[PDB]
Every structure is written in C-alpha cells, then in structure tokens.
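Residue numbers (PDB author numbering), protein chains in the order written: chain SFF, 93 to 150; chain SK0, 1 to 91.
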RNA sequence: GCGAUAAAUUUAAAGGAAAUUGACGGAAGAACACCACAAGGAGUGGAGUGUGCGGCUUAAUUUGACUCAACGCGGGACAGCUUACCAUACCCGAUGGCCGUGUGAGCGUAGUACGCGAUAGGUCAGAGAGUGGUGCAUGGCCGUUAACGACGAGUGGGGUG
RNA sequence: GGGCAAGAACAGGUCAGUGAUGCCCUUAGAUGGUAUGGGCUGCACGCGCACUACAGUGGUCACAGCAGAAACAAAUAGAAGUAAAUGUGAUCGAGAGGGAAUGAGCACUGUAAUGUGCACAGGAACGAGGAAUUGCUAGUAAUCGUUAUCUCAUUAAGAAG
Ligand SMILES: [K+]
Ligand SMILES: [K+]
Ligand SMILES: [K+]
Ligand SMILES: [Mg+2]
Ligand SMILES: [Mg+2]
Ligand SMILES: [Mg+2]
Ligand SMILES: [Mg+2]
Ligand SMILES: [Mg+2]
Ligand SMILES: [Mg+2]
Ligand SMILES: [Mg+2]
Ligand SMILES: [Mg+2]
Ligand SMILES: [Mg+2]
Ligand SMILES: [Mg+2]
Ligand SMILES: [Mg+2]
Ligand SMILES: [Mg+2]
Ligand SMILES: [Zn+2]
C-alpha cells in the first residue's frame with residue numbers, strides 16, 4: 093500500500109500571545125471533545141475520531 | 001497480536017492472581033472471565049509459552065496453560081508488584 | 001556309416017549328486033459347505049426412473065478405491081456451511097540478535113493534515129501453520145486368509161546336518 | 001439367534017478422522033483464514049446396485065378391522081404423522097394396467113429455492129426379458145407396511161431395526 097509522509101515536530105496546532113498565553117490555531121470539535129482539532133482544505137473542514145467532513149457553501 | 005495495552009495488563013494480572021488459564025481453540029467468542037476475544041488470549045499466552053514461562057497442554061478443544069515457578073518472578077517484575085505478593089496457589 | 005581323436009572362442013557355476021521344508025498336479029484316498037451341488041422356490045440381465053463408476057465436456061466439473069475382498073462405498077441424502085475445486089474481494093506474521101524509534105515505530109482517513117499511539121518497523125537466524133505430497137517412511141484401527149483347526153513352550157528319543 | 005474370539009501373514013486400505021507422526025514442498029501477490037457468487041448435480045455413450053411395472057389370483061368406491069405398543073396446537077378443496085396387506089359388499093371388463101417427458105398455477109422450509117407438498121391437464125416405453133448370473137431349509141424364502149433409529153432448517157427410492 094502507499095507511503096506515509098510525516099510532518100516532524102507538531103507545534104502548528106497552537107498560537108502564542110505576547111503575554112505567553114497559548115490558544116489553538118485550528119478550530120475544535122464540538123462532539124469529539126475540544127481537545128480534537130479540525131483540518132481545512134478548500135470547501136472541506138474535517139475531523140479525526142469521526143471522519144466527518146463539513147462542506148462549506150462558498 | 002492486536003491487543004490494547006489495557007487488554008495486555010488484564011491478562012498479566014489474571015495469570016498472576018490465579019496460576020492457571022484455560023482457552024478454547026477456533027473460537028471468535030469472548031473469554032468468560034476477561035471479556036477478551038479467545039483467539040487474542042491464545043495469541044498472547046503463546047508468547048509466554050515460547051519464552052518458557054508457561055506450560056501448554058492441549059486436550060480435545062481446550063488449551064490448558066500453567067504458570068511455571070521460574071516465571072512467577074518475571075511476571076512479578078513485569079507487573080511491578082511488591083516482593084511479598086504471590087498467586088492464590090502459593091501459600 | 002563306424003573306429004580313433006584337436007584348437008580358437010566363451011563362462012561362475014552345471015535342469016551336477018542325495019536328502020529336507022513348502023507351493024503346485026488335466027495323481028490317489030478320506031472329509032466338509034445352498035457365498036458348492038441335487039430337489040426346489042424368488043429374482044437380476046430386457047423397459048422407464050433413483051443412485052454410484054468409467055468416458056467426454058468445462059472457469060471448475062476437487063478427490064480415494066478396481067476378481068472375490070472397487071462401483072446407495074469414504075457414516076459421500078453437496079442450495080450456504082460441508083468443500084478439498086473456479087471467479088472476485090478483504091484480512092494476518094512465536095522468539096532472539098542487529099539496526100531504527102515518544103524530537104513519534106507503525107496504524108485509521110472522503111490520504112497530507114488531522115485522529116491513535118509502541119500494538120503491529122526493516123534485516124538475519126529460527127519457529128509455527130497447511131482437506132498440500134508420499135500408506136512402498138510409520139503408529140493406530142479395520143478388512144481378508146477364516147471363522148479355519150490349527151498353534152507355539154519345557155523335558156525325553158532319532159538323524160553328520 | 002447374536003457377541004467375544006489363536007499364531008502367522010499381506011510391501012491389502014486409510015497421512016481427506018486425529019495437538020498421532022518422519023521427510024519433502026508452500027508460506028502476505030499464501031497451497032493460511034474470511035466473505036459474496038459458480039461448481040461438485042454438465043451429457044454422444046458403456047457398466048454396477050436398487051425402485052415401479054407389464055393386469056382379472058386384477059383396477060375403482062365405500063365400510064370395517066388387527067402390530068411391534070403407548071407422546072399427535074388448531075385446520076371447510078388440498079396443501080408431515082398412530083400401519084399396510086387384509087375382511088364383506090358394490091362396481092369396471094381384456095392396454096378403465098402403467099405413470100415417464102411437459103404446461104399455466106397454489107402453498108411450505110430457509111439468509112437465500114434451485115429442494116419439498118398440493119390441484120388440474122398430458123399421457124412414453126413395457127404384453128413377462130438373449131448369452132449369462134445372485135441369495136435362500138421354517139416362523140426361513142417371498143409378500144406387506146412401519147420407524148419418539150441414524151442422516152435431518154427443509155430433503156429417503158440408503159442403511160440399521
Ligand atoms: K429382469
Ligand atoms: K458398497
Ligand atoms: K496400516
Ligand atoms: Mg565315433
Ligand atoms: Mg441346482
Ligand atoms: Mg435392467
Ligand atoms: Mg472368502
Ligand atoms: Mg463458498
Ligand atoms: Mg477449509
Ligand atoms: Mg492437517
Ligand atoms: Mg499397505
Ligand atoms: Mg498397497
Ligand atoms: Mg460426486
Ligand atoms: Mg389407472
Ligand atoms: Mg449413504
Ligand atoms: Zn468530530
């Protein structure tokens with residue numbers, strides 16, 4: 093079967109304020125716990141533990 | 001062998017608590033005392049037999065597993081129990 | 001025609017001698033038995049159908065068995081399973097060394113950026129599994145000789161054996 | 001009437017009964033599992049074993065009535081079950097004997113009909129079997145049904161009683 097690309101040290105999920113306070117950059121799932129973040133690509137926003145893809149009306 | 005870490009420790013503690021185990025071959029059902037798939041319990045214990053820790057005797061449709069003395073200690077290290085703890089079969 | 005009488009060449013024994021035990025006889029004499037007959041009674045072989053076997057065909061028509069002692073036999077009355085065969089699709093891997101890994105081995109996905117994490121990475125050794133092969137490598141169990149009257153041990157006798 | 005049942009044998013059968021087994025072969029693109037389908041049931045033809053027959057010592061209607069013993073919701077044409085030969089009266093009259101291939105149906109079992117039951121039509125060979133061949137001596141042969149026996153969701157024209 094196909095080969096698996098890898099993205100090294102995952103730190104992109106977050107953003108840091110000037111005060112040093114940290115917040116998630118990607119948005120978070122309502123139904124899989126807020127600790128699961130949501131991907132983006134074109135019309136698609138998507139999720140892990142449920143594989144559900146939202147399709148945007150744009 | 002396709003068992004979760006929780007399922008692995010469930011077998012380790014059972015096999016120490018009681019110095020024996022009994023598994024039915026060619027079955028997709030769940031082991032009565034563990035709630036783990038029979039084939040998976042067989043496959044787990046298979047490794048302990050290969051390591052020389054556990055005896056295996058096969059009779060009719062059943063595999064009888066017996067824990068050797070020279071392996072109580074290995075499983076006690078693995079399960080990180082206190083030095084005083086011993087199975088129900090050992091006084 | 002007879003009398004008398006060679007070589008070349010070939011070969012590990014010779015239907016060589018006498019005796020012993022078997023197998024055989026279109027040899028003799030006893031026995032025995034409707035899987036033998038005599039005296040009888042019902043069929044099978046001919047027709048249609050059920051079922052097994054060969055042959056041919058097929059993607060595959062999986063396969064063993066052949067005088068009694070193969071052929072409604074393999075507890076073989078197969079829609080799935082049985083099922084070994086054919087078409088398509090999916091799933092998996094004792095342990096040990098070496099190397100590589102939480103700064104992420106590998107896995108899930110509407111496969112690329114999100115979810116899960118040692119579990120299930122690669123390579124050498126080495127296991128295990130198989131209605132795969134060989135019953136002329138075997139064990140066990142069966143059938144047949146045969147349901148027949150024979151069968152070996154100890155002690156004595158005879159013979160070179 | 002069964003059951004148990006010498007010694008010796010056989011390169012007799014089974015590795016497709018076995019976590020009985022030696023050795024060879026395959027082993028993530030598997031000769032390992034699983035799932036959905038198809039085959040094992042194909043049809044010029046030669047054979048083995050069974051089942052219904054070829055009628056009048058018969059066919060049909062109804063009525064009785066008897067086993068091995070003891071198990072049986074209900075059912076308006078009909079769609080598993082507690083004998084059958086048989087006993088009396090009618091009937092039919094010398095292919096009104098016989099039920100093969102086939103039609104449009106009506107139900108049942110099942111995950112799935114291709115399997116089974118039922119009703120109507122249809123009506124093939126066969127008029128007692130060449131060369132051969134198989135059992136059977138008394139409650140036996142032959143005849144006649146039946147299995148709370150085995151196969152078994154549903155399927156016996158098979159065995160074992
Ligand atoms: K005949
Ligand atoms: K037979
Ligand atoms: K044998
Ligand atoms: Mg002369
Ligand atoms: Mg005669
Ligand atoms: Mg005939
Ligand atoms: Mg004989
Ligand atoms: Mg199949
Ligand atoms: Mg199989
Ligand atoms: Mg095998
Ligand atoms: Mg042999
Ligand atoms: Mg042989
Ligand atoms: Mg067949
Ligand atoms: Mg008639
Ligand atoms: Mg049979
Ligand atoms: Zn979600």
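Every residue gets a Cβ at the ideal spot worked out from N, C-alpha and C, and that includes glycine.
Three-way DSSP call (helix, strand, coil) for residue i in this model
i                       : result
residue 135 (chain SFF) : coil
residue 127 (chain SFF) : coil
residue 28 (chain SK0)  : coil
residue 50 (chain SK0)  : helix
residue 86 (chain SK0)  : coil
residue 64 (chain SK0)  : strand
residue 55 (chain SK0)  : strand
residue 102 (chain SFF) : coil
Inter-residue Cα distance where the pair is residue i and residue j
i                       : j                       : result
residue 148 (chain SFF) : residue 103 (chain SFF) : 26 Å
residue 68 (chain SK0)  : residue 59 (chain SK0)  : 19 Å
residue 125 (chain SFF) : residue 135 (chain SFF) : 23 Å
residue 91 (chain SK0)  : residue 16 (chain SK0)  : 14 Å
residue 30 (chain SK0)  : residue 40 (chain SK0)  : 10 Å
residue 138 (chain SFF) : residue 4 (chain SK0)   : 27 Å
residue 62 (chain SK0)  : residue 24 (chain SK0)  : 5 Å
residue 52 (chain SK0)  : residue 66 (chain SK0)  : 11 Å
residue 110 (chain SFF) : residue 117 (chain SFF) : 15 Å
Own chain, CB closer than 7 Å to residue i, minus 5 neighbours either side, in chain order
i                       : result
residue 43 (chain SK0)  : 1
residue 64 (chain SK0)  : 22 and 57
residue 141 (chain SFF) : 124 and 128
With 16 other Cβ atoms within 10 Å as the buried cut-off, status of residue i
i                       : result
residue 10 (chain SK0)  : buried
residue 48 (chain SK0)  : buried
residue 105 (chain SFF) : exposed
residue 108 (chain SFF) : exposed
residue 28 (chain SK0)  : exposed
residue 45 (chain SK0)  : buried
Nonlocal neighbours in the same chain, by C-beta distance under 6 Å from residue i, ignoring five residues either side
i                       : result
residue 89 (chain SK0)  : 19
residue 120 (chain SFF) : 126 and 129
Neighbourhood of residue i by C-beta distance below 8 Å, restricted to the same chain and skipping five residues each side
i                       : result
residue 150 (chain SFF) : 135
Kindly confirm or deny that the stretch 72–82 of chain SK0 and the stretch 24–35 of chain SK0 touch, where touching means at least three C-beta pairs closer than 8 Å. Judged by Cβ distances under 8 Å, the stretch 72–82 of chain SK0 makes no contact with the stretch 24–35 of chain SK0, as fewer than three pairs qualify.
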